[PDB]
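A.B. asks: Dropping a structure here in structure tokens format, bear with me for questions.
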Amino acid sequence: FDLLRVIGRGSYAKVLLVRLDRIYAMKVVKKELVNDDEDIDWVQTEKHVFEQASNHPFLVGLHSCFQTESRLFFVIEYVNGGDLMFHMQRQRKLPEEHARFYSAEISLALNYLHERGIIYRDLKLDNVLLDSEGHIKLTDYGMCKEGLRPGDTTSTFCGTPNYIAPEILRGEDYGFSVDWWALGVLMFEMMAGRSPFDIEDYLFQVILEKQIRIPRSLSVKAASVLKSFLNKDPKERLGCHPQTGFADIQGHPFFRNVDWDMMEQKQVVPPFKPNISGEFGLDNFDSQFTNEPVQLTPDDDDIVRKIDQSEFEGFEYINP
Ligand SMILES: Nc1ncc(-c2cccc(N3CCNCC3)c2)cc1C(=O)Nc1ccncc1
């Protein structure tokens with residue numbers, strides 16, 4: 001198609017802005033990475049999430065997918081509002097009311113996956129996304145793990161060093177408890193204005209053996225959700241309860257004010273509508289300088305003859 005700009009450029013994939021007559025966002029994964037022994041799982045996994053997550057309001061939905069021999073292309077809806085990381089620098093710290101809006105919606109998003117069996121595990125201020133209306137969307141279903149949820153604890157050992165679950169660092173079996181810990185780090189940063197880790201391999205040690213300091217300015221309800229969400233024990237941690245895990249989150253005093261049936265229909269009013277910039281909304285969003293020009297890398301024949309398109313079959317075909 002016609003490719004307007006490069007949005008993000010991770011090692012596994014490249015995110016670039018496109019049009020065809022609506023603006024869309026495209027994540028392109030080279031096929032050599034995913035086509036191997038027990039590697040096909042990441043492309044397949046993300047598709048399943050995207051299929052299950054596209055109906056949900058908060059998790060981002062996927063228009064189309066196409067296949068070329070050299071790469072696999074994902075077309076995802078363009079969100080205009082902005083990422084939280086830019087918001088956090090525009091406003092060092094956010095009120096507790098703003099955090100309740102965002103964090104409440106995020107907990108709904110994670111529960112949907114938890115019910116479905118998927119662990120986001122890439123929860124970050126950047127991975128959340130804001131629409132022009134002020135709601136939240138979660139972006140990169142890439143590190144997710146799906147297909148095993150009730151009575152299943154599995155160790156895939158993925159996380160981000162700052163948002164990493166303490167139980168995971170230990171080498172222990174990880175449930176959906178990691179995702180809730182990531183929430184508390186998110187909530188922490190927005191309300192306090194700083195990472196809870198006073199911010200290489202030193203972080204893993206701090207998280208496991210250093211105390212978390214709640215700002216004195218923080219409301220007592222806020223301290224408790226942080227303490228319970230950022231709790232080191234997966235069994236003690238809030239919302240990792242096997243039976244009654246969402247109600248206690250939902251009935252926590254910090255999130256008493258919300259109406260979650262009402263908020264899920266986007267009925268509740270966002271605290272601050274994001275700034276309306278050019279139809280693209282490129283101004284509000286961060287601008288990363290890895291590759292300013294969008295030129296897809298020229299293919300090498302020797303790889304291309306090795307890739308099996310049997311594995312990459314049934315792409316271009318998306319279920320619900
Ligand atoms: N759907 C989207 N709509 C808009 C944006 C967007 C728009 C402008 C700038 C940015 N930035 C990302 C953060 N770094 C600075 C550039 C993202 C991203 C996405 C999106 O899905 N992204 C994404 C990123 C990584 N894996 C899957 C999906």
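Letters A, B, ... mark the chains of the structure tokens in the order given; residue numbers begin at 1 per chain; ligand numbers begin at 1, in order shown.
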Could you pull out the residues sitting within 7 Å of ligand 1, using only C-alpha atoms and all ligand atoms, and write them as a ChimeraX atom specification?
C.D. replies: /A:7-8,15,25,27,60,76-80,83,126-127,139-142,282,285-288
A.B. asks: I want to know what sits within 12 Å of range 155-158 of chain A, based on only C-alpha atoms, with residues of the same chain fewer than 5 positions away left out; could you give that as a PyMOL selection string?
C.D. replies: chain A and resi 41-42+119-123+142-146+148+163-176+178-179
A.B. asks: Tell me which protein, DNA and RNA residues are within 12 Å of residue 227 in chain A, counting only C-alpha atoms, leaving out same-chain ones fewer than 3 positions away, and put them as a PyMOL selection string.
C.D. replies: chain A and resi 180-181+183-185+187-188+196+211-214+220-224+230-233+236-238
A.B. asks: Select, from A:193, A:234, A:161, A:253, the residue with the minimum atom-to-atom distance to residue 215 in chain A, counting only C-alpha atoms.
C.D. replies: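 Under the stated criterion, the closest residue is A:193.
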A.B. asks: Which residue gives the smallest distance to residue 202 in chain A among A:162, A:117, A:45, A:228, with only C-alpha atoms counted?
C.D. replies: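 Answer, going by the shortest atom-to-atom distance: A:162.
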A.B. asks: Can you list, as number ranges by chain, every protein, DNA or RNA residue that comes within 9 Å of residue 4 in chain A when you count only C-alpha atoms, leaving out same-chain residues fewer than 4 positions away?
C.D. replies: A: 16-19, 294
A.B. asks: Please report the interatomic distance between CA of residue 273 in chain A and CA of residue 192 in chain A in Å with one decimal.
C.D. replies: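 Interatomic distance, CA of residue 273 in chain A to CA of residue 192 in chain A: 21.6 Å.
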A.B. asks: Find, counting only C-alpha atoms, the residue in A:96, A:105, A:38, A:115 that gets nearest to residue 130 in chain A.
C.D. replies: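 Smallest separation from residue 130 in chain A among the options: A:105.
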A.B. asks: For CA of residue 135 in chain A and CA of residue 82 in chain A, quote the distance in Å rounded to one decimal.
C.D. replies: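 If I compute the distance from CA of residue 135 in chain A to CA of residue 82 in chain A, I get 10.1 Å.
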